[PDB]
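This is what each chain is made of:
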Amino acid sequence: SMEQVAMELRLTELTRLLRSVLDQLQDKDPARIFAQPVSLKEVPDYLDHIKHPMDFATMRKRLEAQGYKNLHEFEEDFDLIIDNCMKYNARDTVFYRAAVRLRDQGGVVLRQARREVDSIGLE
């Protein structure tokens, strides 16, 4: 149907905006601490601690499959990256501190992303 095509165009449009958002967020992680999933070979107990692992590569996979239907779902995954890190790692670690900086700098990006999604009407 034509309605279904229109819905798909909106989703494709949203996916384009989120790709830009994702790139901007990942630029705030120049150490690439959050670029890939935590290795279960190198951190064998990880899933005992963290029940829903997340990372930028995994987000990018979901994004390219147009698997984010709205900005809230995207934000949920970004928050998992930060929140998982701040639980597994202690305050005095480079990992925890990197997550704090990513959350702070990323907030700016997400604030305007929300305005753009609402304004253009992409969800």
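Residues numbered from 1 in each chain as written, not as in the entry; some residues may be left out. Heavy atoms only, no water. Residues with missing side-chain atoms left out of burial classes, pairs and counts.

If you check the header, you'll see the entry was determined by X-ray crystallography and the resolution is listed as 1.5570 Å.

Asker: Go over the environment of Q24 with me, naming the residues and quoting the values.
Answerer: By secondary structure assignment, the location of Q24 is in helix α1 (residues 2-26). Along the sequence, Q24 and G106 sit 82 residues apart, while their C-alpha atoms lie 8.1 Å from each other. (Helix = DSSP H or I, 4+ residues; strand = E, 2+ residues; numbered from the N terminus.)

Asker: Let's hear about the pattern of salt bridges: which residues, and what values?
Answerer: On inspection of all chains with the given rule, the structure shows 8 salt bridges. The salt bridge partner of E73 is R62, with a shortest N-O separation of 3.2 Å. Placement of the pair is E73 in helix α4 (residues 71-88) and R62 in helix α3 (residues 56-64), with a sequence separation of 11 residues. Taking relative accessible area as the criterion, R62 reaches 31% and is therefore assigned partly exposed. Across the pair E123 and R114 runs a salt bridge whose closest N-O atoms are separated by 2.8 Å. A single network of salt bridges, built from pairs that share partners, joins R62, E73 and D77. (Salt bridge = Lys/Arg side-chain N within 4 Å of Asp/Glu carboxyl O. Buried < 20%, exposed > 50% of the residue type's maximum accessible area, 1.4 Å probe, protein only.)

Asker: So, the packing of aromatic side chains: which residues are in play, and what are the values?
Answerer: Under the defined criterion, the tally for this structure stands at 3 aromatic pairs. Measuring from ring centre to ring centre gives 6.5 Å for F56 and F78, while their planes differ by 25°; the resulting arrangement is stacked. On the criterion of sequence distance, the pair formed by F56 in helix α3 and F78 in helix α4 is long-range, its members being 22 residues apart. Given the relative accessible area of 1%, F56 is considered buried. Geometrically, the ring pair formed by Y68 and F74 is edge-to-face, given 5.4 Å between the ring centres and 70° between the ring planes. Assessed through its relative accessible area of 1%, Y68 is described here as buried. (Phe/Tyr/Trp six-rings, centres within 6.5 Å; stacked < 30°, edge-to-face > 60°.)

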